[PDB]
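Please read the structure below before turning to the comments.
Values below: all heavy atoms of this structure, side chains included; hydrogens, waters and symmetry mates excluded. Each residue takes its place number in the sequence, starting with 1.
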Amino acid sequence: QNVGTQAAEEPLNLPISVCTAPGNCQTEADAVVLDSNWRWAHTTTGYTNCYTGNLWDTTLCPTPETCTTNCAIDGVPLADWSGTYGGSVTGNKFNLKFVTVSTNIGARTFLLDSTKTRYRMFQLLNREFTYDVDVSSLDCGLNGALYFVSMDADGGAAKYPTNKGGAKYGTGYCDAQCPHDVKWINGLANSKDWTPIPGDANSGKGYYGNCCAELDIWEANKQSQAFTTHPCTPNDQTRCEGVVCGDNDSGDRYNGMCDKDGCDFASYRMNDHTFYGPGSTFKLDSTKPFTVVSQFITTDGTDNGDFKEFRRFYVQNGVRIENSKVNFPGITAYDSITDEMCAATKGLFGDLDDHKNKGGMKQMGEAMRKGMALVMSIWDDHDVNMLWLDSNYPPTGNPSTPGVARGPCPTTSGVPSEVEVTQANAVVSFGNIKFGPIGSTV
């Protein structure tokens, strides 16, 4: 995309901590940038929309190349962050409102480095990543997500010279779902064969998808939470078409370059329904804030080893809370993501181990070694109504069959039109982000 001249781009300042030992950290003066999908797209030498509602203008965008020549994405000024997009920062806390009323629904954002010209790339192997979260106002059907993806640090600017904005304009998004709803891919409008998504007034799908590796630290609302590894072959940003995208709609979910299911550790799905929930007698009380700690263990305990284990623990009101465990007869009580856990649990659930097909923890680790961009988002799910996270999936499945039940939400929950009314004022908060060696962040 070209860059427009109507509004300066002003990312929100967000300090994080880089740590060397427990309680010995230094501030890193980073910032938050809005994903290019949420930006106004208009004519390069005017005010005329190139995209309105869920459609590209066919006169301006008869082809992707012409669209890209004629159109530009514009900046987010400071005033518009809260007023238009529902984003705000207080000290080291970042807040994202779900619906902001001209009416904005959801948000996806990235962490910029201290220069505000590149994404802050995190080399996560043999490191610990930690943050405080509040998901108390997110119920069934919503997801306040924090995760990493194998985006380029410059959003693709060096690879795709028609991308003028780079990381500064939140470009280059890709993930392990190979999404077609990304409006700008490889420096070009994804306007070919663009199709609105029914019941989604703001979104559509273009000819291409954009694939890359994804490490989900946090997919969650107050009812259920998960962390998940998604390797791809290769891991780096890859524009896809046809079978390579692994499109759900053509029966290709397991035929593409990315592991779409991922290998998940989701406490409720692993059959501990009392670990996490909205109340003081759950082990971890989702009505109150808490700290989420993630440790990425290698084979030799060094930065050069292969990724072998994703460990997790929590801190809430000064109380250390170890992760829940897998709880099925004849299955080891795993409390972390490893290749063995993935094989054993997917075996039990009858899920295809595409994680293993894509190179497993080792391949996931190669993405983490090269460095990944931090994503913070809030969203509802127009495909599957978040049932995969917090309900029975498939909805018609027996909840006593291992793998089906992922949370207590009813199978009628999560319809975007309903959650966008009922949960309009939901806000996820991510704060006090800390990064360092294992054992350094609490």
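One distance of note links OG1 of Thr345 with CE of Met270; it measures 4.0 Å at 0.5 Å rounding. Separation of atoms OG1 (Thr68) and CG (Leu188) is listed at 4.5 Å; rounding is to 0.5 Å. Atom CG of residue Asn235 and atom CZ of residue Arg369 lie 11.0 Å apart, to the nearest 0.5 angstrom. Taking OG1 of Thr422 as the reference point, atom CG of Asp139 lies at 9.5 Å (rounded to 0.5 Å). Remark: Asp380 CG to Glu418 CD distance equals 11.0 Å, nearest 0.5 Å. Annotation: the span from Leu34 atom CG to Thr84 atom OG1 amounts to 10.0 Å, rounded to 0.5 Å.
Side-chain contact between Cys174 and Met151 is present, with at least one heavy-atom pair separated by less than 4.5 Å. Taking 4.5 Å as the limit, every side-chain heavy atom of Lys93 sits out of range of all side-chain heavy atoms of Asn432. Between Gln6 and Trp40 there is a side-chain heavy-atom pair separated by less than 4.5 Å. Annotation: side chain of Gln177 is in contact with side chain of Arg253 (closest heavy-atom distance under 4.5 Å). When side chains are defined from C-beta on, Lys288 does not count as touching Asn317, because their heavy atoms never get closer than 4.5 Å.
One finds a salt bridge joining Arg39 and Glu9 here, because a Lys/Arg side-chain nitrogen approaches an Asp/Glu carboxylate oxygen to under 4.0 Å. Salt-bridge annotation for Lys205 and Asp249: present, with a side-chain N of the basic residue lying under 4.0 Å from a carboxylate O of the acidic one. Ion pair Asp154/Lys159 not flagged as a salt bridge, since none of the NZ, NE, NH1 or NH2 atoms sits closer than 4.0 Å to an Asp/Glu carboxylate oxygen. A salt bridge between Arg108 and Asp181 is absent, with no side-chain N of the basic residue lying under 4.0 Å from a carboxylate O of the acidic one.
Side-chain atoms of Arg406 come within 3.5 Å of backbone N or O of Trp388 as a donor-acceptor pair. Side-chain atoms of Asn163 come within 3.5 Å of backbone N or O of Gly155 as a donor-acceptor pair. With hydrogens and angles ignored, the 3.5 Å screen pairs a side-chain donor or acceptor of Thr43 with a backbone N or O of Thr48. For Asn221 (side chain) and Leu142 (main-chain N/O), a donor-acceptor pair under 3.5 Å exists by modelled atom type. Here the side chain of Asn143 pairs a donor or acceptor atom with the backbone of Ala220 at under 3.5 angstrom. Between the side chain of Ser391 and the main chain of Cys409, a donor-acceptor pair closer than 3.5 Å is present. Panel note: side chain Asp252, backbone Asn255; no donor-acceptor pair is recorded below 3.5 Å. Judged purely by atom type and a 3.5 angstrom limit, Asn104 uses its side chain to pair as donor or acceptor with the backbone of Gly106. With hydrogens and angles disregarded, no donor-acceptor distance shorter than 3.5 Å links the side chain of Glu128 to the backbone of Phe296. Not a single donor-acceptor pair under 3.5 Å links the side chain of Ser88 to the backbone N or O of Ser82.
Taking the six-membered ring wherever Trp is involved, the centroid distance between the rings of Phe275 and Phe282 does not fall below 6.0 Å.
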* Please lay out, stage by stage, how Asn186 and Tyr160 fare under the test side chain to side chain donor-acceptor pair (under 3.5 Å). => CA-CA 6 Å; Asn186 287 22; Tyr160 317 112; 3.2 Å; yes
* **Chi angles and distances behind the ring-ring contact (aromatic ring centres under 6.0 Å, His included) call for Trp38, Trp81** => CA-CA 11 Å; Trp38 277 258; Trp81 263 108; over 10 Å; no
* To do: Output, in order, the C-alpha distance, side-chain angles, deciding distance and verdict of side chain to side chain contact (heavy atoms under 4.5 Å, CB included) for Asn425 and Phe98.
  => CA-CA 6 Å; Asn425 299 303; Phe98 178 43; over 6 Å; no
* **Criterion disulfide (SG to SG under 2.5 Å) on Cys258 and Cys212, from CA distance to verdict** => CA-CA 7 Å; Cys258 284; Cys212 62; over 6 Å; no
* Is there a side chain to side chain contact (heavy atoms under 4.5 Å, CB included) between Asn37 and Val182 once you walk through the steps? -> CA-CA 6 Å; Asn37 262 41; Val182 179; 4.1 Å; yes
* **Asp259 vs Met364, side chain to side chain contact (heavy atoms under 4.5 Å, CB included): CA-CA, chis, key distance, verdict** => CA-CA 10 Å; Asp259 170 22; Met364 184 71 259; over 6 Å; no
* Evaluation steps, side chain to side chain contact (heavy atoms under 4.5 Å, CB included), between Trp379 and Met386 -> CA-CA 10 Å; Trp379 54 292; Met386 222 68 73; 3.9 Å; yes
* Before giving the answer on side chain to side chain donor-acceptor pair (under 3.5 Å), spell out for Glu241 and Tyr207 the whole-Å C-alpha distance, their side-chain angles and the decisive distance to 0.1 Å. => CA-CA 7 Å; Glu241 61 177 282; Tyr207 187 77; 2.8 Å; yes
* To do: Check the pair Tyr254, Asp261 against side chain to side chain donor-acceptor pair (under 3.5 Å), reporting the backbone distance first and the verdict last.
  => CA-CA 9 Å; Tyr254 302 105; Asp261 290 348; 2.6 Å; yes
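The sulfur atoms (SG) of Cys211 and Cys245 lie 2.5 Å or more from each other. The SG atoms of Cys240 and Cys178 do not lie less than 2.5 Å from each other. Disulfide status for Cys67 with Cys61: present, SG atoms under 2.5 Å apart.
Contact record, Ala226 with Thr228: CB-OG1, 4.3 Å, taken as the closest heavy-atom pair. The two residues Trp184 and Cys71 come nearest to each other via the heavy atoms CH2-CB, 4.3 Å. Taking all atoms of both residues into account, the shortest heavy-atom contact from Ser150 to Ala367 is OG-CB, 3.4 Å. Residues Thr117 and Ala167 share a closest heavy-atom pair of O-CB, 3.8 Å. Nearest heavy-atom pair, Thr44 versus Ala72, reported as atom, atom and distance to 0.1 Å: CG2-CB, 4.0 Å. Nearest approach of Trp194 to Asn54, heavy atoms of both residues: NE1-O, 2.8 Å.
Put simply, the residue from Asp132, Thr291, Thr130 that forms a side-chain contact (heavy atoms from CB on, under 4.5 Å) with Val315 is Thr291. Residue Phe290 forms a ring-ring contact (aromatic ring centres under 6.0 Å, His included) with just one option from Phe313, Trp218, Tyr131, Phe430, and that option is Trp218. Only one option out of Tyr169, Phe148, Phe110, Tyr173 pairs with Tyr119 in a ring-ring contact (aromatic ring centres under 6.0 Å, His included); it is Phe110.
Looking at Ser114 and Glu28, their side chains never bring a donor and an acceptor atom within 3.5 Å of each other. No donor-acceptor contact under 3.5 angstrom links the side chains of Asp285 and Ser280, judged on distance only.
In this structure, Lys116 places its NZ atom where more than 12 heavy-atom neighbours from other residues, nucleotides or ligands lie under 6.0 Å away. Atom NZ of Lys168 has 12 or fewer heavy atoms from other residues, nucleotides or ligands within 6.0 Å.
Taking the ring axis of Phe310 as reference, the NZ or CZ atom of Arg312 does not stay both within 45° of it and closer than 6.0 Å to the ring centre.
Aromatic ring orientation, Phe435 versus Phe129: tilted (interplanar angle from 30° to 60°).
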